[PDB]
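Have a look at input.cif below; it lists mmCIF, C-alpha atoms and all ligand atoms.
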```
data_coords
#
loop_
_atom_site.label_atom_id
_atom_site.label_comp_id
_atom_site.auth_asym_id
_atom_site.auth_seq_id
_atom_site.Cartn_x
_atom_site.Cartn_y
_atom_site.Cartn_z
CA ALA A 36 73.95 127.26 122.55
CA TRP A 37 75.63 124.06 121.27
CA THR A 38 77.97 124.93 118.29
CA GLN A 39 80.98 124.69 120.63
CA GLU A 40 79.96 121.47 122.49
CA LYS A 41 81.21 119.42 119.48
CA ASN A 42 84.76 119.87 120.92
CA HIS A 43 84.13 118.23 124.31
CA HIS A 44 83.01 114.82 123.01
CA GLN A 45 84.73 111.61 123.99
CA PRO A 46 83.41 108.07 123.30
CA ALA A 47 81.82 105.01 124.87
CA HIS A 48 84.19 102.06 124.75
CA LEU A 49 82.25 98.81 124.59
CA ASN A 50 83.53 95.45 125.85
CA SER A 51 84.79 92.21 124.23
CA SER A 52 81.44 90.57 124.49
CA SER A 53 80.02 93.29 122.27
CA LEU A 54 83.38 93.73 120.40
CA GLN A 55 83.05 90.12 119.40
CA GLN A 56 79.48 90.28 118.14
CA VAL A 57 80.19 92.62 115.16
CA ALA A 58 83.66 91.58 114.08
CA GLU A 59 81.49 88.68 113.20
CA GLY A 60 78.58 90.87 112.21
CA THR A 61 80.17 91.83 108.86
CA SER A 62 81.04 89.71 105.80
CA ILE A 63 83.46 91.20 103.29
CA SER A 64 82.32 88.64 100.66
CA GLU A 65 78.82 90.02 101.12
CA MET A 66 80.38 93.47 100.59
CA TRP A 67 82.48 92.36 97.62
CA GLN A 68 79.41 91.09 95.80
CA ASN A 69 76.38 93.33 96.68
CA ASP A 70 77.84 96.73 97.38
CA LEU A 71 81.16 96.91 95.63
CA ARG A 72 81.56 95.09 92.33
CA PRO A 73 78.41 96.40 90.80
CA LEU A 74 80.12 99.82 90.86
CA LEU A 75 83.24 98.59 89.10
CA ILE A 76 82.52 100.44 85.90
CA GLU A 77 83.32 104.02 84.62
CA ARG A 78 81.52 106.49 86.96
CA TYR A 79 83.09 110.01 86.58
CA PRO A 80 80.48 112.68 85.51
CA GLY A 81 78.35 112.93 82.33
CA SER A 82 78.66 109.19 82.00
CA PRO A 83 75.94 106.58 81.75
CA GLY A 84 78.15 105.24 84.58
CA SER A 85 77.61 108.25 86.93
CA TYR A 86 74.06 106.94 87.19
CA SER A 87 74.29 103.18 87.27
CA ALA A 88 76.25 104.02 90.36
CA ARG A 89 74.37 106.94 91.97
CA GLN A 90 71.15 105.09 91.52
CA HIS A 91 72.73 101.76 92.70
CA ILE A 92 73.35 103.41 95.99
CA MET A 93 70.08 105.06 96.70
CA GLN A 94 68.07 101.87 97.31
CA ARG A 95 71.24 100.20 98.73
CA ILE A 96 70.50 102.51 101.50
CA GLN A 97 66.70 102.97 101.76
CA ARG A 98 66.11 99.24 101.29
CA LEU A 99 67.45 99.27 104.87
CA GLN A 100 65.30 98.91 107.93
CA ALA A 101 66.96 101.89 109.65
CA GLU A 102 66.09 105.52 109.05
CA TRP A 103 67.73 107.34 106.07
CA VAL A 104 66.73 110.61 104.38
CA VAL A 105 68.42 110.90 101.00
CA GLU A 106 69.21 114.02 98.89
CA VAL A 107 70.86 114.57 95.44
CA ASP A 108 72.65 117.89 95.25
CA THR A 109 73.11 118.45 91.51
CA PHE A 110 74.56 121.45 89.64
CA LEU A 111 76.27 122.79 86.56
CA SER A 112 79.85 123.78 86.16
CA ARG A 113 82.96 124.81 84.31
CA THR A 114 84.60 121.80 82.86
CA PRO A 115 87.77 122.44 80.74
CA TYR A 116 85.46 120.94 78.06
CA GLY A 117 82.34 123.03 78.78
CA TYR A 118 79.35 122.78 81.10
CA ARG A 119 78.95 119.26 82.47
CA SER A 120 76.57 118.50 85.38
CA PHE A 121 77.44 117.20 88.82
CA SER A 122 75.66 115.03 91.46
CA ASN A 123 76.64 114.93 95.17
CA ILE A 124 74.75 112.28 97.25
CA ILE A 125 73.57 112.93 100.85
CA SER A 126 72.40 110.06 103.07
CA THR A 127 71.04 111.21 106.55
CA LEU A 128 69.71 109.55 109.77
CA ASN A 129 67.87 112.05 111.99
CA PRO A 130 68.01 115.32 109.84
CA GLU A 131 66.55 117.46 112.69
CA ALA A 132 69.19 116.30 115.09
CA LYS A 133 71.89 118.97 114.76
CA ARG A 134 75.36 117.47 115.14
CA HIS A 135 76.59 114.58 113.04
CA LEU A 136 79.21 112.02 112.55
CA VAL A 137 79.70 111.74 108.82
CA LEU A 138 81.79 109.58 106.58
CA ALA A 139 82.29 110.43 102.97
CA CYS A 140 84.01 108.91 99.92
CA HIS A 141 84.24 110.29 96.35
CA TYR A 142 81.73 108.43 94.27
CA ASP A 143 83.18 109.15 90.86
CA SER A 144 86.08 107.79 88.77
CA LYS A 145 88.73 109.44 86.69
CA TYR A 146 87.99 110.32 83.11
CA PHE A 147 90.52 108.61 80.99
CA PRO A 148 90.80 108.90 77.17
CA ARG A 149 89.57 106.09 74.95
CA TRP A 150 92.12 104.36 72.72
CA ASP A 151 91.26 100.73 73.49
CA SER A 152 88.77 98.31 75.00
CA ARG A 153 90.61 98.76 78.34
CA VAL A 154 89.23 101.52 80.57
CA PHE A 155 89.77 102.91 84.07
CA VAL A 156 87.62 101.80 87.02
CA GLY A 157 89.28 102.92 90.28
CA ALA A 158 89.10 100.08 92.86
CA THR A 159 90.99 101.66 95.74
CA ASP A 160 90.45 105.14 94.21
CA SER A 161 87.69 104.78 95.28
CA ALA A 162 84.71 102.51 95.41
CA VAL A 163 86.35 100.56 98.15
CA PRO A 164 85.59 103.53 100.46
CA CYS A 165 81.95 103.96 99.51
CA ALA A 166 81.62 100.11 99.64
CA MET A 167 82.48 100.01 103.41
CA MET A 168 80.50 103.15 104.16
CA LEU A 169 77.84 100.82 102.64
CA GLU A 170 78.80 97.81 104.81
CA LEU A 171 79.02 100.21 107.69
CA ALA A 172 75.32 100.91 107.97
CA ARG A 173 74.28 97.51 106.88
CA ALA A 174 76.29 95.54 109.47
CA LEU A 175 75.27 97.80 112.34
CA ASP A 176 71.81 98.47 111.09
CA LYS A 177 69.33 98.47 114.03
CA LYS A 178 71.91 99.81 116.47
CA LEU A 179 71.55 102.91 114.23
CA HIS A 180 67.79 102.68 114.13
CA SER A 181 67.80 102.37 117.93
CA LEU A 182 67.80 106.20 118.55
CA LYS A 183 64.30 107.51 117.57
CA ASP A 184 63.35 109.40 120.82
CA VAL A 185 64.91 111.63 119.36
CA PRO A 190 71.64 115.05 122.51
CA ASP A 191 71.12 115.85 118.78
CA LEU A 192 73.76 113.73 116.99
CA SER A 193 73.73 111.02 114.28
CA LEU A 194 74.95 109.94 110.87
CA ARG A 195 75.42 111.54 107.58
CA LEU A 196 76.95 109.89 104.62
CA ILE A 197 78.28 111.86 101.69
CA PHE A 198 79.42 110.81 98.26
CA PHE A 199 81.13 113.53 96.47
CA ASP A 200 80.89 113.62 92.63
CA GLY A 201 83.84 115.24 90.87
CA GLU A 202 86.83 114.40 93.02
CA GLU A 203 89.15 114.69 90.08
CA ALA A 204 90.24 117.21 87.41
CA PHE A 205 89.56 116.36 83.72
CA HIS A 206 92.79 117.12 81.89
CA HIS A 207 94.76 118.82 84.56
CA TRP A 208 94.55 118.94 88.38
CA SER A 209 93.99 122.58 89.42
CA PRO A 210 92.43 124.84 92.12
CA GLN A 211 89.53 125.12 89.59
CA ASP A 212 89.76 121.88 87.60
CA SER A 213 88.98 119.67 90.70
CA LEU A 214 86.72 118.91 93.66
CA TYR A 215 83.73 120.48 91.92
CA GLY A 216 81.31 118.77 94.37
CA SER A 217 83.24 119.31 97.62
CA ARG A 218 83.47 123.09 97.24
CA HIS A 219 79.84 123.47 95.97
CA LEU A 220 78.78 121.60 99.12
CA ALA A 221 80.61 123.91 101.54
CA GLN A 222 79.02 127.28 100.57
CA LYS A 223 75.76 125.33 100.30
CA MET A 224 76.26 123.77 103.76
CA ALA A 225 77.39 127.21 104.90
CA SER A 226 74.50 129.14 103.29
CA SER A 227 71.70 127.10 104.82
CA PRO A 228 71.04 126.98 108.60
CA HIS A 229 69.78 124.28 110.86
CA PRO A 230 67.93 124.71 113.17
CA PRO A 231 65.59 126.16 110.47
CA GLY A 232 66.07 128.99 111.10
CA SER A 233 68.50 129.56 114.00
CA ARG A 234 70.26 132.73 112.96
CA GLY A 235 74.11 132.25 113.21
CA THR A 236 73.85 128.42 112.96
CA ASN A 237 74.07 126.99 109.41
CA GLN A 238 74.71 123.36 108.27
CA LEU A 239 78.53 123.60 108.73
CA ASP A 240 78.07 124.01 112.52
CA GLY A 241 76.76 120.50 113.24
CA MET A 242 79.38 118.69 111.25
CA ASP A 243 80.94 116.82 114.16
CA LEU A 244 83.78 114.99 112.50
CA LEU A 245 84.47 114.22 108.85
CA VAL A 246 86.30 111.01 108.00
CA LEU A 247 87.03 111.23 104.32
CA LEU A 248 88.34 108.07 102.85
CA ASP A 249 90.40 107.62 99.63
CA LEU A 250 92.95 105.24 98.01
CA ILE A 251 91.56 102.29 100.00
CA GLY A 252 92.18 98.67 98.92
CA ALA A 253 95.90 97.80 98.56
CA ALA A 254 97.99 95.39 100.58
CA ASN A 255 99.88 97.08 103.43
CA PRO A 256 98.97 100.75 103.72
CA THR A 257 99.78 103.60 106.14
CA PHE A 258 97.63 106.48 107.24
CA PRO A 259 99.30 109.54 108.67
CA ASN A 260 97.47 111.87 111.08
CA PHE A 261 97.49 115.39 109.79
CA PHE A 262 95.53 117.43 112.23
CA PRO A 263 96.18 117.17 115.98
CA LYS A 264 92.74 118.87 115.96
CA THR A 265 91.39 115.37 115.42
CA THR A 266 94.36 113.15 116.48
CA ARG A 267 92.92 112.78 119.97
CA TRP A 268 90.51 110.80 117.93
CA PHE A 269 93.29 109.31 115.69
CA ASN A 270 94.27 107.89 119.08
CA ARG A 271 91.03 105.90 118.82
CA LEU A 272 92.51 104.08 115.85
CA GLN A 273 95.77 103.73 117.60
CA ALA A 274 93.59 102.20 120.32
CA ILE A 275 90.88 100.14 118.42
CA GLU A 276 93.64 98.57 116.24
CA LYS A 277 95.32 96.84 119.23
CA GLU A 278 92.71 96.03 121.97
CA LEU A 279 91.73 94.09 118.87
CA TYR A 280 94.43 92.28 117.00
CA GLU A 281 95.42 91.08 120.54
CA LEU A 282 92.04 89.21 120.74
CA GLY A 283 92.65 88.13 117.17
CA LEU A 284 89.54 89.52 115.50
CA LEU A 285 92.16 90.15 112.85
CA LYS A 286 93.23 88.07 109.87
CA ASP A 287 96.58 88.06 108.11
CA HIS A 288 97.59 91.03 110.26
CA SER A 289 100.29 92.04 112.77
CA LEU A 290 100.86 95.23 114.87
CA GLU A 291 104.53 95.51 113.97
CA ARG A 292 103.15 96.76 110.74
CA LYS A 293 100.50 99.25 111.89
CA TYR A 294 98.86 101.59 109.37
CA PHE A 295 97.22 103.89 111.86
CA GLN A 296 100.71 105.14 112.83
CA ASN A 297 101.78 108.46 114.29
CA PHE A 298 104.48 110.79 112.63
CA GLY A 299 103.56 112.41 109.18
CA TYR A 300 102.65 115.78 110.74
CA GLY A 301 100.80 118.71 109.08
CA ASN A 302 101.18 117.47 105.45
CA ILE A 303 100.37 118.56 101.89
CA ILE A 304 97.59 116.21 100.59
CA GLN A 305 94.59 117.59 98.75
CA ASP A 306 91.37 115.67 98.62
CA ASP A 307 87.68 116.65 98.69
CA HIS A 308 88.34 117.57 102.33
CA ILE A 309 90.31 120.85 102.10
CA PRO A 310 87.41 123.30 101.73
CA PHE A 311 85.56 121.87 104.69
CA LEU A 312 88.54 121.89 106.92
CA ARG A 313 88.67 125.53 105.62
CA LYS A 314 85.74 126.66 107.60
CA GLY A 315 87.79 125.26 110.53
CA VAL A 316 85.81 122.00 110.56
CA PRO A 317 87.77 119.20 112.33
CA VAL A 318 88.49 116.61 109.55
CA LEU A 319 90.25 113.19 109.56
CA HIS A 320 92.00 112.23 106.23
CA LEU A 321 92.56 108.48 105.57
CA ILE A 322 94.28 107.40 102.44
CA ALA A 323 97.07 104.78 101.94
CA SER A 324 100.23 106.88 102.05
CA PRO A 325 102.25 106.26 99.99
CA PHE A 326 99.56 105.87 97.36
CA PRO A 327 98.60 102.38 96.25
CA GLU A 328 101.50 101.41 94.09
CA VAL A 329 99.20 101.39 91.05
CA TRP A 330 97.33 104.66 91.60
CA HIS A 331 95.78 105.74 88.30
CA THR A 332 97.67 103.24 86.22
CA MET A 333 95.00 101.24 84.28
CA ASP A 334 95.94 98.58 86.76
CA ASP A 335 93.92 100.21 89.65
CA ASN A 336 91.55 97.16 89.80
CA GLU A 337 90.24 93.95 91.59
CA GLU A 338 93.33 91.78 90.98
CA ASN A 339 95.39 94.09 93.19
CA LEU A 340 92.94 94.18 95.99
CA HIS A 341 92.91 92.32 99.29
CA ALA A 342 89.78 91.48 101.26
CA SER A 343 91.60 91.07 104.56
CA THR A 344 92.43 94.72 104.65
CA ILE A 345 89.12 96.42 103.65
CA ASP A 346 87.38 94.25 106.16
CA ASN A 347 89.62 94.39 109.25
CA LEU A 348 89.51 98.02 108.39
CA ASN A 349 85.75 97.68 108.04
CA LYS A 350 85.31 96.59 111.69
CA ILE A 351 87.52 99.07 113.41
CA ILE A 352 85.40 102.21 112.70
CA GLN A 353 82.20 100.29 112.91
CA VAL A 354 83.46 100.59 116.48
CA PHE A 355 84.73 104.18 116.41
CA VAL A 356 81.41 105.29 114.73
CA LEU A 357 79.70 103.70 117.73
CA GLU A 358 82.00 104.82 120.51
CA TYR A 359 81.44 108.45 119.24
CA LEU A 360 77.65 107.80 119.33
CA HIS A 361 77.39 106.43 122.88
CA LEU A 362 76.97 102.87 121.83
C1 LIG B 401 79.10 94.44 127.49
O1 LIG B 401 78.35 95.65 127.52
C2 LIG B 401 76.93 95.54 127.64
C3 LIG B 401 76.50 96.94 128.08
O2 LIG B 401 76.67 97.86 126.99
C4 LIG B 401 76.43 94.44 128.61
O3 LIG B 401 75.10 93.96 128.31
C5 LIG B 401 73.97 94.85 128.44
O4 LIG B 401 73.72 95.16 129.82
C6 LIG B 401 72.54 95.93 130.14
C7 LIG B 401 71.57 95.22 131.09
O5 LIG B 401 71.01 96.27 131.89
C8 LIG B 401 71.78 96.44 128.92
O6 LIG B 401 72.55 97.55 128.43
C9 LIG B 401 71.57 95.37 127.82
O7 LIG B 401 70.24 94.83 127.89
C10 LIG B 401 72.65 94.27 127.87
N1 LIG B 401 72.72 93.61 126.54
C11 LIG B 401 73.51 93.69 125.46
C12 LIG B 401 73.08 92.77 124.37
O8 LIG B 401 74.48 94.41 125.32
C13 LIG B 401 77.37 93.22 128.65
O9 LIG B 401 77.10 92.38 129.79
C14 LIG B 401 78.81 93.69 128.75
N2 LIG B 401 79.71 92.53 128.75
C15 LIG B 401 80.64 92.33 129.69
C16 LIG B 401 80.78 93.30 130.84
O10 LIG B 401 81.37 91.36 129.65
ZN ZN B 402 92.35 109.37 91.78
#
```
Now that the file is in, can you turn its structure into structure tokens?
Amino acid sequence: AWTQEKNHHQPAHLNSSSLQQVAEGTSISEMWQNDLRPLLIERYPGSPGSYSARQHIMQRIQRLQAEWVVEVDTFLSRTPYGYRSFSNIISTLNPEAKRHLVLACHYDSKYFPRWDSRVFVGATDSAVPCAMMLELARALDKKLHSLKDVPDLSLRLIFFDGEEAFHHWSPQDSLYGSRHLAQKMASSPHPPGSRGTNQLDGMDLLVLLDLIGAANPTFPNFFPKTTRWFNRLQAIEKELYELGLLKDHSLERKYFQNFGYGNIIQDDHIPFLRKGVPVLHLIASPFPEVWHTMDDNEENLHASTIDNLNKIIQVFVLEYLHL
């Protein structure tokens, strides 16, 4: 049986001709204004916000001509203030297929106390992620639809709710969603019901994205596990600025750069990675120079980036999936 095939996969590099067509088949002003901004509001749990968002998504997907199958995992937990609810979102093309490329932001904000009209939002941290993840199945829509035949392998999106700790980051004041997804992924098997094959077996990669939207970032590579793939972003990022599908960018300041090895950063990803899942963690390091200050907004953003960085994986994602 499969479960071990996951670790043989290598991609289909396309050519310029194609490489052109969807460096132009993406508009980061379309993203800015349909996907992104109408999330720029306070969207941590309990909040009127944690719905205007959640909901916002849902149709943002399904409105699409491709093939998504959308699930709200929702549950009740221990907040250092009591028993708030939580709502993980789970987009899915080909559910029956049984190995998946998946991308996954945190869809919530930080709670921040209320002493004036000003209020947190989190641009970079992190609606920017989700926003691309949204671009990323718009732009390449029908390419994604073109696969109903129907080996087993497709595309899961995930939006974790409860990235952050209320008062105080801890092993048990944080990640709420993430963890609750693991032993729920783990519990349940697909095939339904292939005995020693649950949901955590078909998770092919996991490219978690956080802190995305500053000028001039740098992403380590943490897990050699998945750096063979990191190599793809070495690779994409050059066969590419060369041909100049890249604005306001040079390769003597690369962000997909290789040295920050086996390092102590703790997102939503840890407990997945801790059923040995191969995970890929991508996250301006050092942190956007405004992280969490009230100043984590539009202002200090930068189209360019997001974008360029929006293409890029809209290749990898392919590649992987033999387009
Ligand atoms: C770029 O790659 C594609 C193949 O992925 C080439 O065009 C395709 O070629 C075959 C014809 O049998 C089919 O896969 C498609 O019908 C073609 N169309 C499209 C739209 O991709 C294309 O010629 C290659 N470009 C080069 C080599 O410059
Ligand atoms: Zn944060």
*Kindly compile the residues surrounding ligand ZN 402 (chain B) within 9 Å, counting all atoms listed in the file, and format them as an NGL selection string.*
:A and (144-145 or 157 or 159-161 or 202-203 or 249-250 or 330-331)
Kindly export the residues of the current selection with C-alpha atoms, as a short mmCIF file (atom, residue, chain, number, x, y, z; two decimals), in the coordinates of the input.
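Saved the output as out_25.cif:
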```
data_model
loop_
_atom_site.label_atom_id
_atom_site.label_comp_id
_atom_site.auth_asym_id
_atom_site.auth_seq_id
_atom_site.Cartn_x
_atom_site.Cartn_y
_atom_site.Cartn_z
CA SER A 144 86.08 107.79 88.77
CA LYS A 145 88.73 109.44 86.69
CA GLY A 157 89.28 102.92 90.28
CA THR A 159 90.99 101.66 95.74
CA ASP A 160 90.45 105.14 94.21
CA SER A 161 87.69 104.78 95.28
CA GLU A 202 86.83 114.40 93.02
CA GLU A 203 89.15 114.69 90.08
CA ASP A 249 90.40 107.62 99.63
CA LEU A 250 92.95 105.24 98.01
CA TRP A 330 97.33 104.66 91.60
CA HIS A 331 95.78 105.74 88.30
#
```
Considering all atoms listed in the file, give me a table of residues in region 182-209 of chain A that are at most 12 Å from region 218-222 of chain A, with the closest atom pair and distance in Å for each, as a tab-separated table.
```
residue	atom	partner	partner_atom	distance
A:197	CA	A:220	CA	10.1
A:198	CA	A:220	CA	10.8
A:199	CA	A:220	CA	8.8
A:200	CA	A:219	CA	10.5
A:201	CA	A:218	CA	10.1
A:202	CA	A:218	CA	10.2
```
Would you mind exporting C-alpha atoms of the selected residues as a compact mmCIF listing (two decimals), keeping the file's coordinate frame?
```
# COMPACT_ATOMS: atom_id res chain seq x y z
CA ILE A 197 78.28 111.86 101.69
CA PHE A 198 79.42 110.81 98.26
CA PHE A 199 81.13 113.53 96.47
CA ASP A 200 80.89 113.62 92.63
CA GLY A 201 83.84 115.24 90.87
CA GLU A 202 86.83 114.40 93.02
```
Taking all listed atoms of ligand LIG 401 (chain B), build the axis-aligned box, pad each of the six sides by 6 Å, then write its centre and edge lengths in Å to one decimal as lines of an AutoDock Vina configuration file.
```
center_x = 75.8
center_y = 94.6
center_z = 128.1
size_x = 23.1
size_y = 18.5
size_z = 19.5
```
_Nearby residues, ligand LIG 401 (chain B), 6 Å, only C-alpha atoms and all ligand atoms, as an MDAnalysis selection string_ = chainID A and resid 49:50 52:53
_Long-range neighbours of residue 268 (chain A) as JSON, numbers by chain, 10 Å cut-off, all atoms listed in the file, 4 positions minimum in chain_ = {"A": [44, 45, 46, 244, 260, 263, 264, 272, 273, 274, 319, 355, 359]}
_What's around residue 329 (chain A) at 12 Å? Count all atoms listed in the file, leave out sequence neighbours fewer than 6 positions away in its own chain, and write the answer as a PyMOL selection string._
chain A and resi 155+157-160+250-254+323+335-340
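The closest residue to residue 149 (chain A), picked from A:213, A:42, A:133, A:333 and counting only C-alpha atoms, is A:333.
Using all atoms listed in the file, the nearest neighbour of residue 237 (chain A) within the list A:314, A:332, A:71, A:216 is A:314.
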*Determine the nearest neighbour of residue 231 (chain A) from the options A:132, A:117, A:98, A:86, counting only C-alpha atoms.*
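Smallest distance to residue 231 (chain A) is found for A:132.
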*Which neighbours of residue 119 (chain A) fall inside 9 Å, counting only C-alpha atoms, when residues of the same chain fewer than 4 positions from it are skipped, and could you give them as a count of residues only?*
7
_The residues within 12 Å of (72.0, 126.1, 111.1), using all atoms listed in the file and the coordinates of the file, should be reported as number ranges by chain; which are they?_
A: 36-38, 130-134, 223-242
